[PDB]
Structures are given as structure tokens and as C-alpha cells.
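Coordinate inspection notes
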Amino acid sequence: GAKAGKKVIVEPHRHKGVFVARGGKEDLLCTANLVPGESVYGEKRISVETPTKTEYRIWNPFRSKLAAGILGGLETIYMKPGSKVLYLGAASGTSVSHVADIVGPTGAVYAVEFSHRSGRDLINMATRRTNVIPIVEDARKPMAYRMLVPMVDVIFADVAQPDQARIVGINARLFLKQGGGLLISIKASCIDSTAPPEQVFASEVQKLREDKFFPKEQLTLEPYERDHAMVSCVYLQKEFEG
Amino acid sequence: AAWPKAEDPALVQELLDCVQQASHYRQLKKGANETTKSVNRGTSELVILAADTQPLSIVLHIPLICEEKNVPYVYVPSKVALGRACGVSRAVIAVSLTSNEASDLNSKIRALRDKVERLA
Amino acid sequence: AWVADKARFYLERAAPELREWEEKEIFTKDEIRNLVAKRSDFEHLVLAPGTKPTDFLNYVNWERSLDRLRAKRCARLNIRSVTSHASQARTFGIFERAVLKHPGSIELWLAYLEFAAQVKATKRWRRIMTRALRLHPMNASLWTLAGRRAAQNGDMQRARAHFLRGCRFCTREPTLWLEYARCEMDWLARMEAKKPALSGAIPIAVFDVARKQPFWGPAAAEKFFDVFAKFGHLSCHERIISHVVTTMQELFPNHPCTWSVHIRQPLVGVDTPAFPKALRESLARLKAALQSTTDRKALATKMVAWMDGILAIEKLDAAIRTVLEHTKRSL
Amino acid sequence: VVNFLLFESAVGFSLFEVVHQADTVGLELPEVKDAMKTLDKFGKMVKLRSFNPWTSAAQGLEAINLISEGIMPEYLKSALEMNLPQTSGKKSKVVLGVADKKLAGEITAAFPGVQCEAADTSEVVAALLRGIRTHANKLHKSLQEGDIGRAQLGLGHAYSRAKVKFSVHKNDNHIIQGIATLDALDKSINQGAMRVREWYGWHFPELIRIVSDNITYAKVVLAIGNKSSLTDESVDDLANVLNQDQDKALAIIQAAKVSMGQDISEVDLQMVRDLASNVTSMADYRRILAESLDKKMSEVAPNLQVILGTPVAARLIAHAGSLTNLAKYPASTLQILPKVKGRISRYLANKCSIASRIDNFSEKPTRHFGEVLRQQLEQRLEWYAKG
Amino acid sequence: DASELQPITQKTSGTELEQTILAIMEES
Amino acid sequence: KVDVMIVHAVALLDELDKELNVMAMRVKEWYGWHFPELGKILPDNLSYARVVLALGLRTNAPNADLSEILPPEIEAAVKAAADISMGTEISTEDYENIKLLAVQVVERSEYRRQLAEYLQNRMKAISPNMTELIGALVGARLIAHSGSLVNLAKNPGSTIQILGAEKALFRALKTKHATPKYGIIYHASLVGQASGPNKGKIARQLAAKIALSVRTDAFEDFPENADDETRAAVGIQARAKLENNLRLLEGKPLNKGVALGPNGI
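Every chain's residues are listed with numbers counted from 1 in the order the sequence is written; these need not match the entry, and residues without coordinates are not shown. Just so you know, chain letters begin at A and ligand numbers begin at 1, following the order they were written in. For clarity, the chains displayed are a part of a larger assembly, and the values are limited to that part. To get the side-chain values, take all heavy atoms of the structure and skip hydrogens and water. Residues with missing side-chain atoms are left out of burial classes, side-chain pairs and their counts.

The record names cryo-EM as the way this model was obtained, at a resolution of 7.1 Å.

In the annotation of the PDB entry, chain C is listed under the name Utp6 and assigned to Chaetomium thermophilum. UniProt positions are given in the numbering used here, feature names are shortened, and annotations may be inferred rather than shown by experiment. Taken directly from UniProt, the Subcellular location (unreviewed entry) text for chain C runs: "Nucleus, Nucleolus".

Naming follows the PDB entry, where chain B appears as Snu13 of Chaetomium thermophilum. In its Sequence similarities (unreviewed entry) section, the UniProt entry covering chain B states "Belongs to the eukaryotic ribosomal protein eL8 family." UniProt annotates chain B under Subcellular location (unreviewed entry) with the comment "Nucleus, Nucleolus".

Structure (C-alpha cells):
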């Protein structure tokens, strides 16, 4: 496989903040480590001694739906370095560390988790990274963290709820800028377990359009997860920033 | 400690009947380490955990990985009943029953995880 | 920046006063060209994007000095037709867009209140004070200014309104509480000198509510006593002082501040044969306090500070003075 | 028709006064959306009327834990008493705009003359508070001491930790970094002792042949002075260094009498005794770390401590990364971190997973379940001998 | 009119201070 | 005088610098759980350990005394950040371990400082000429790489110029690249004042004078009632001449040009 000690070279991706480290027989995806010299959940990481403090961390697509979508080929992921990201469904903070490593020190990641022990893991990794704040609250009630979340630019939504579109609709009505980017990860077996997945995805896209989003891209991230889709949409506009 | 606890009125026995059906269909992993490895390999569709366990920290460590991977989990109140339903001749405290692309068990799986998602 | 088109209005408003000053013999034409150029530079600095409260205050000071200069020149040239009302109106306009642009600057708010109080504008002063208190509610200086000027006017109900909202807000520091007790006892002294109030129970109530505040220290209660000990010529002053001492004795028994109020209690309204009698009583209390089991360095620093306050007065005997020095030096 | 509006943020709560209120029929219009975007056309709508900051982070924590639960705080009631015109709603009311419906009901119940409009119900006040949340950095910057980012960061951490009770059962960082220190300075103790052993056996070469236990070597080269000034049982030291009268000190002194190494200088002896003082200070710190780390391990994870032993148990904790990761791993992953040896290894991995999850997921853990599992491992150690 | 800060009554009294001060001035 | 103490003391100094850096980074991560903004305020790790010592927990911050280790305009922000920070509360029973590791790293720093003073005194004892030329630390580095004093003295000046840069040297010599201009000599005092190509010129001249001074300090005899001011005579003369050559090389003027008027005439 991609064994420890192999030499890889690290080139930039098409997206900002993401890199692709290619070498030998396996090309993998990575992000620049915010706190160098320590892994979060025991991942392989990439050390380069520049002509020390520079380390990159490998982004598992089978573990995180954002890296699955990036390897599927989204047109954009909306999170440049220095952009505020509201993460909904921040279960234990595995992919939230990579989103925080994307947005860098001058950005901010507001990671909302509902369960408490996942909240403990999230508060530990947000003790390590000083740009992710942890919010242990229910994402169905965004009146709880309206003191904490300012108007963010991107929303990531990886909640597996049947009322997912309403949750994202009220969270984006409260905390998203005009023309706000978001990526929602739809799991068809949790939305509607009886209906076919393409019909489930079209119904969820139509519900987002009723909840005032304008959808611009959609990919079924198929070689990494079954019956999952990632829908990219812009809030209240057609272009992303302005 | 076990907040998605299953209640009495014909949900525990629906769970254990679906468990026995999947154990006949050979689509079921038994014991805490096998449930953990199945959830971490992502093939799991639902996971049943006993609540009568001597100290409960085992079936407390499994819900963290289940919440991280977003699969449904539910507590049945008897590990002896869970082992009898699986067909083990030992008491089983954790049961994870996986996904396959073509079966008729998956309808029971889907209705069961809809009831479990309503329970949470 | 539409600043040229924005300042055109203020210059066109200030023009007819300059026409009146030119048609009188008060300012000559070259001086009026200088006034035009200086007001134009000031307006284009004031209405700029990146501005400052010191810039607004420089413009206010220039317009106010121009009003004073024209007043001197008008009295010298013996004209009574020219009035200062247009200059006061434009100075109020400068101050209103100043507090619009920078509302978080208490130096500019206090300069606005000083100007409105100086040109006899009491109702306007009260409105400016209300806006300043709404923007800076944690400012004990603004709250005491409001309450003390309402007490100086004599509307004691309005002074109590400002002071009770101020003590509702400013609860971190004791300062506004001490000033409210000072104002209430000054009202009590005014009610005495005009000759309920006969009991004078309001500073005792202030103390009883102040007992549970986040600043409630023995040093804070000593500050309460150091406020109360002034103007002892009253009726219930011994009642108030004795209640403060028994409160501090029942709550902080062996603190050096409580031993200090045990020292300095019986010298309330003394200036005179009752002066050294109570001094001998207090020095007996002080000697018992120095020998007693208390932090002697802290109590000695308190007593040498109070003894500097003692040594600040003349008209005493030299034996008493040298025994204060002898008891001072070994501390 | 709105008159004032509340707006609560992490630095404090400020209430704005609207002038030239928003059009309610054309709220979904592109020109009005562009007006709500641009600050130059929304600051005409809002004018900052009052600001109340917190006194401390404790007051901010109490503020969130009242406001999110719904109940209004006494200082919010204070600032509303100060800023709103005192009325009762019989002939004239004041419309306030608030973000939450329960807070709306409570402000209306505390002040009968103030009709509150919630942002969850009314789209006008929703769009208006949305614009204020958009431009909230610039509307406050004349009195915004510092920033809002670190305030929101620290306040979200304080709120989440008060909701979770994080610090009362998160304790493993001391253990894992103490293991890192213990290994690093054990290596440094051995390296400095090897260095002082070579650089003092250059002067007196009999001490390496006659004395092992390099910490005691550092102690005897701290106390020995030079080669010339030896006497056996002078004062306070050698009797509790080792055997005193008939065993060791005579042998060191006859080694000094037959000794042939190079004569050392005073400043070089000063530097060698400084290095030995350094090494023995690090050894004393190692024994202090071992005692304190045994006590901390018995406070945190006593079952793993009794089934494994505290050094190897805390090594396993540090290599897993945390107790939560150690508990989330199954038993085969804990194996990753003949036949009878592998069988006992698998059994030990199973019982160590059970001990890790028991010691982790307790609030303040116990001792007797680890005692039971250690007795089970002992009776299995007795069980494999019969065969 | 929210021009000035009106004197407090028993309706707009918040804290124990304002309650006790208004009680004393009512007994006056 | 024997130089095995020189090579052992400078290897010990390098290892002490490494271990002190890693223990100081460890006490930074070890106290950053209780007070994280202090690591951003104080970037110097010795003063960080001193503040961890003197300042207790964050609760003891208005009653602390800190002006003895670092002056104010630096350490009023530490009291402000101790009031406004967001680190979690730790018990005093763990602050004993944190304060005691700060004790350890401060003691390691004091020992390293007295080891540097000892290295300076022993270098002025062994080789006064070279110590008068470049100084005790760079002299000890040269003695360390060559092995001994009489082993450094057998080297040409071109060797002493590029001691320590040997990897780049032999890489360049085997691949026909351009060799490095200097080695250990770069971190001396007298080559650090130059700038541009005068740096390499002063490195050549300084390496030649170092070769002469090391040969003098390793082979010349003295009547043993010889003062140090006359034992370091070659070093004094070479340093004065070499500073004169450095200031000539730095005061070389720039090229003249045609001064043109506004027309171009």
C-alpha cells in the first residue's frame, strides 16, 4: 500500500488549501497541518523538511464525505483559507480537523455537535486547534448558538436526519451571508429508505430550492459510499461571493 | 447511560426477530469486537447493544464509533435474550447486522432503522 | 467620499452671518476671507472618511473661540444687533454629527456636556446626558455627573432616578455607590440646614443592600466609612457610623480595616475641649489595636496614613505632636 | 413597524434604534436585498442607541446559560429599563425587535408597554437583525474594545465546557505528556551518566570496574572530591550509600592507593562535579515523576493500572493518543498497539479493552473491577500450568 | 417620549435597592 | 593543556541546547492547557519558564511579582491575558509538577550558562591567539571537528575555511559544482560584519590568520612567566590588521557616473 517511509511529492490541488501528494503507486489527498507534529485520530501524515514545522495530513475519503466529494470532482468547495465555515453534524471532530486545516489560522470553523461524548472528542481537538470553536447544541434549534456564530460564508451539513433540509434551511436563514456557499451530504437510506436514491436526491434538491437555495452542482460520490450524494448550493444568489 | 433504550411494546421482539433472521441469512456479526470492526469498516446498517451488561462501558464505547459513522444503534435489555436470538449458546452483548445489495431482509432493516431513528 | 458636496451645505449655511459681519464694520474683508478658508479646511477635515474626536474638538474649539472673539470685538465697537445664536446653533450641529460619528468616546461626550452646560442649556443638557448614559452605562463618572447636577439643580427625585439606575448597572466597583451615599447624605444635610428624613435611614439601606454586592470587601466598607465620616454635623450621624462599625465588627472581626474604624470611630464631629478628650479615647483604642492580634504592618500603614492626615492640620500642642512622632517611628 | 431592537453578541448586548424602517412588501426584492448587503445603505436604517458589555467572562457565561434556556437576565432587564421609554400599553406602545420568541414573551411580561416582535415569526425584524448580524463588526467598532473573534471563541469554549462538564472528567494529558517526559529524561540521565563515567574514568579508572549503578557513580563522584583526599567513613554519606564498614569503602580506597590514572585539575573537577550534580538532579526528578504519575494513574485509570502496571499502561494510553481513542479501539487493534503466548496475548487484550472502557466511561472510577480481572488473569496463569 | 430618564416607581423598580429605597420614601 | 575537555564540553553544550529546547517546548504545551496566551506573549522560553515559576496559577495574577525577570510594557499584558484568557482550571496538585519542571529547565539553563563560561576560560587557557581572533565558541567548534589542537594545527588555511561545510564541499567537488565559501567560520564575529563578496574575502583572510594562530598556539614555547597579553600577541596583531582590511573592503567606494542635468546634457 502507501507504506510509512515512502517518498511522495506534494503538489497543490485545484482547490485552495487542499494538496495532492503523489508518489510511486498511490496518489493521496492531504491538507496542511495546523498543529504540526501530532495526529488527531492516528492518520498517516506527511513530513517535509524544507531547505520541521511543515507537515501535511492525509484525508481519508472513506471516512469523510468532503474528501469523498473532492475526489469525486466538485467544481468548488467554497472554503478558501480565511473563510468562516459552520459545520453541522461535527461528530467527534475527524473531518472538522481537515476543514480547520483548510481554512487556516485566519478562518474559523464553528463545529456543532449534539451528542455529549462526541462533544468531548470535539472539545479535545478544538483545544488543539484554535480556530475551531466547539458548540455542543442541537442543530435543530439554532437559537441556542446565535451568540456564538456570526455570519459565516460556508455551511457544511453532514447530519443524517430526515428533517435535514429544514435544519439546514433554518440554520442558513440565521447564519449565512447573501450568496452563501454550502455543501450538504444527503444519505438516501436515511432520508427515505423505501424510495430510489435518485428520486430522493431530486426531492431534497427541490426542498432546498423551496428553502431559498439555488443548487449549482450535485455528484453521487459512488466509489467511496453507496447511495450518497453531495449537493453544492448558493444561498440567495446565483454567483458565490458577489 | 443508555439513552436510546428500546421500550417494551413489540419493539425489542421485532429487533430480536430481525436479528435471528439476519443470523439465518449469515449477514450478522456477533460480539463487541466484531461490531466495532464492522462499524469501522462501514458495512453496518444497524447495531443492537445489550443493556444488562456487567459494567456497561463496553456498550458505552460502541456508540461513539456509531455516532461518528452515523449508523443507528439501540439497546435491548437482555444479553441472554440476545444470545438466544442469535443462536450462539453464549450471551452476546453487541450485535451488528450488515448491508447487502440484494435481499428481502433489508425491508425489515429499513423499517427497523426508521423506528430506531424515531426512537432517537 | 462626496465630501465637497457634503460640506457645501455647511459653508452655504455659515455664509449669511459672514455677510452681516461684512456689512457691519466688525471683520474686514481679508479677515473674512481667512474665516472662510479656515472653516472650509475644518469642514473638509471633519466630513472626511478617516476622522477623529480630536479633530471634532479642534473644530469645536475654533468655532467657540471665534464666537468669543466676535463678542469681544462687538463690545469694543459698541454694537448690540449682532447675536451669538447662529454660532451656538452651528456648534451644536458640529457636536451632534460628532456624537453621531464617534459615540464611543467619553472625552467628546463630556466636552459636549460641558459646552451645553456652559451656554445655559439645561433641557438640552439633560437630553445629551440621557444619550450618553445609554451609550456608556458602565461609566461611574457619567452617572455621578448626572446625579450631582440633578441634585445641584434640586430635583432630588431625578437625581435618585439617575443614581439608582447607576447603582443597578455599575456593581463591579464601589465608586458610584460611595458617591450615591455622599449625595444622599448631602441631601440630608440640606434638609437639616433648611431648618423619613428624621430617621435618615437611606444610607443604612444603601449599606444593607451593598452588603451583598460583588465589590463587598472590608476595604470597600472602610471606603464607605471614610465617605460617611465627613460632614458629621447632623442628627443621625452617630446612628449611621455605629451601624457601619457593628456591621464591620459582626462580619469582618479581625480585619485591620475594622480595627481602623474601631480606632477612628469617636472623632465624628470634633474640631476645643471635646477634641483632645476624644483623641485620648481614640488613642486608647489605637494602643489596644496595636497590641492586639491583627496584621500589625497593615494596621500600622493605615495608621501612618491617617497620621499624615492628622499632621496636615495646625493648631495643636507640641507634646501631642511629638508623641504622635514617637508612636509613628517604631512602626 | 419597529421602534427599537435588541441584539445580543459575545461582547455584550446592544440595542439599536431604527430610523427609516424597512419595506415589508418588497422584502424579497433584489434592490432591497442589495440595500441589506451594503453597509452604506443599511447604516441609514440602523443607528446605535445603547451598548452594555459584560463585566467578566462569568457574567457572559451566565448570560448565555440564561438566554439560550430562554429566561432573561436581571441586567438585560436593567438596560431595558434604562433605554426604553417607560410606558404601560394603554394608549401608546413601543415595538421592540428580539431574536427569540421566549425572550419576546418574557420582555413583554416584564414591561407591559413593550410589544416584542420575534425574528422567528416576523420576516421584517428577521431581515433587519440579519443585516445587523452581517455588519455587526462595523456598527460597534467605535466602542468595540479589541475584536469579537477571540471573545466568541473563548465564550463558546466556556459555554460548551459548562454544558458538558469537561474538566471534571478529562484528565489524560498529564499522563501522556508525563510518559513523554519520563522516557526523554531517562534517556538523558543514561546519556549524561555515560558521559560523566567516561570523563571521570579518564582521571580515576578504577571506579568503572568497581562501581556500577551510574546514579550512585554520580553520587560518589559528587562526594569523593579528588583522588588524593579519600577517607572511608567520614560523615553522613557512605553508610546509607552502600555497605559501610567491611565491604566497599576499603576497596575504593585501596583502588585509589593502587590507582594510576591521570591527575585532574581543580576547574576540570569542578566541571565534572557540576555534570554529576546535573545528572543526580535529573534522577531525583525522575523518581518524583514516577511517584506522581503512579498517583495520577490511580486517580484516572486504576483498572488498567492494576491489570498492566502503570508504566506499560500509560505507554499504551500515550500510544493510543487518549483514553477515548483507547476505549473506541476494539481488542484486535489493542493487540496492534508458540500458541500459548499468543493465546494469553489475545486474552489480555480482551480484558485490557474491558478495563480501558470501564476506567474511561466512569465519572470517578473504582478499583474492584480491575481487581476482579487481575484475579481472573492470575487464575488463568494458574490454569495454563495444568497441562 | 424617551428623551430623559424618568423617576422610578414601584412598577419600574427592579432590584432590592430600588424596592427598599421606594419603601422608605413611601413611608416618608 | 589538554583539549579532550574542549571536545566533550562542546558536545555536551550541543546536546544540552537540544534537550533544553525540547523541555521548554514541553513546558509550553504543558502549561498552555491552563494559560495558552502566555506562549504568544512570551516567545523566549527561559522567560516563559520563569513566569511559570513566579506567576502561580492564573488566580494568583493580580498578586504576582514579575518585574524582576522582565520589565513592564511586556508583562502587564500577561496580567491582562490572565484576566481574559480561556484556559481550563487545574488543581495545585498538578501545578506542583508544572512548577517543578520549570525548576528543572531553569536549572538546566543555569548549568549551560556556567558551562559556556567554563568553555571560554578553558579556551583562553589553551589557545589564546585563536580566542583573540574568533572567540571561544567558534574555536571550540574547530577543535571539536579536528579532534585536538595539534590535529587542527596540521591543517592548511583552505581546510580551516571550510571545516564543517564538508558535505556541500565534497558534493560540489564530485559533481563539478561550485564549492562552499566557508564552514564553521561563518558564525565568528569578524566575518559577520561584512556583506556581499567581502564576506567571502574576509572568510579567506580570517581562515589564513586562524591557521597561523593555531600553529603558534600549538607549537610555540613560552618562558612560563609569560603574561596572557604577550601570549596572545599574534592574535592581537592579526585581529587589528584584519579589522583594518575589513574596513578598507567596506569603505571601497562605488562607481562614478555621468551626472546628467534636466536636459540630458
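To continue, consider the overall build of chain C. Every helix listed is a DSSP run of H or I at least four residues long, and every strand listed is a run of E at least two residues long, numbered separately from the N terminus. Each helix and strand counted, chain C has 16 helices and 0 strands in total. Radius of gyration: over C-alpha atoms. The globule rule applied is 2.2 Å multiplied by the number of residues raised to the 0.38 power. Rg of the C-alpha trace for chain C: 28 Å, well past the compact-globule value of 20 Å for 331 residues, more than 25% over.

Across its full length, chain B carries 5 helices and 4 strands. Relative to a compact globule of 120 residues, whose C-alpha radius of gyration would be 14 Å, chain B shows 13 Å and is just as compact. Here the C-alpha coordinates of chain B stretch approximately 40 × 30 × 25 Å along the principal axes. Across chain B, contacts joining residues at least 24 apart in sequence account for 83% of those joining residues at least 6 apart. Here, two residues are considered to be in contact whenever any of their heavy atoms come within 4.5 Å of each other.

In this assembly 7 pairs of chains touch, with chains C and E having more contacts than any other pair. With no contact between them, chain A and chain C keep their nearest C-alpha atoms 21 Å apart. Across the gap from chain E to chain F, with no contact made, the nearest C-alpha atoms are 28 Å apart.

How big an interface is tends to be stated in terms of the accessible area lost upon association of its parts. Contacts between chain C and chain E engage 6 residues on the former and 8 residues on the latter. Secondary-structure elements contributing two or more residues to the side of chain C that touches chain E are α6 (122-135) and α8 (156-169) of chain C. Among the residues forming the side of chain C that touches chain E, the class breakdown is 3 nonpolar, 2 polar and 1 charged. Just so you know the grouping, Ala, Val, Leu, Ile, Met, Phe, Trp, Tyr, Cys and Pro go in nonpolar, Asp, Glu, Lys and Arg go in charged, and all remaining residues, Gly too, go in polar.

Right, let's talk about the sheet that holds strand β9 (residues 152-157) of chain A for a bit. Residue and element names in this part refer to chain A. Only strands that DSSP links by at least two bridges are regarded as paired with each other. Read across the sheet, 7 strands follow the order β8-β7-β6-β9-β10-β12-β11 without closing on themselves; strand pairing throughout is mixed. Either end of the sheet is taken by a strand with one partner, and the two such strands are β8 (132-136) and β11 (213-219). Between one strand axis and the next, the sheet turns through 20° on average, direction left out of account. Each axis is a line fitted through C-alpha atoms, taken for helices only over the stretch in contact, and angles between the N-to-C directions span 0 to 180 degrees.

We now examine the sheet that holds strand β4 (residues 94-98) of chain B. What links the strands of a sheet is backbone hydrogen bonding, and the strands pair in either a parallel or an antiparallel sense. Residues and elements named next belong to chain B. Spatially, β1-β4-β2-β3 is the arrangement adopted by the 4 strands of the open sheet, whose pairing is mixed. In this open sheet, the two edge strands, each paired with only one partner strand, are β1 (28-30) and β3 (73-76). On average, adjacent strands in this sheet sit at an angle of 20° to one another, irrespective of strand direction. Pairing geometry for strand β2 (residues 44-50) and β3, over 4 bridges, is parallel. Bridged to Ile48 within β3 is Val74.

A few words on the packing of helix α7 (residues 140-153) of chain C against α8 of chain C. Residue and element names in this part refer to chain C. Taken N-terminus to C-terminus, the directions of α7 and α8 make an angle of 170°; their axes are 8 Å apart at the nearest point. In this view, α7 runs roughly antiparallel relative to α8, as classed from their interaxial angle. Taken together, the residues of α8 that come into contact with α7 (itself represented by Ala146, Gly147, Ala150 and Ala151) are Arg158, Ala159 and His162. Looking at the contact of α7 with α8, its residues break down into 4 nonpolar, 2 polar and 1 charged. Throughout, the term roughly parallel applies to angles under 35 degrees, roughly antiparallel to angles over 145, roughly perpendicular to angles from 65 to 115, and oblique to all others.

Attention now goes to unusual backbone geometry. Residues and elements named next belong to chain B. Of note, the phi angle at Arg26 is positive, near 60°, even though the residue is not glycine. Note that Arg26 resides in the loop between α1 (12-24) and β1. Phi is positive for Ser89, close to 65°, though the residue is something other than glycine. One can find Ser89 in the loop between α4 (79-86) and β4.

Sheet topology places strand β1 (residues 9-12) of chain A next to strand β2 (residues 18-23) of chain A; 4 bridges connect them, and they run antiparallel. Residue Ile9 of chain A lies in a different strand from β2 of chain A, and its bridge partner there is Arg22 of chain A.

Next up on the list: the environment of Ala35 of chain D. Residue and element names in this part refer to chain D. Mapped onto the elements of the fold, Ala35 is located in helix α1 (residues 30-37). Along the sequence, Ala35 and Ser228 sit 193 residues apart, while their C-alpha atoms lie 94 Å from each other. If near-sequence neighbours (up to four positions away) are discounted, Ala35 is found in contact with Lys41 and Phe42.

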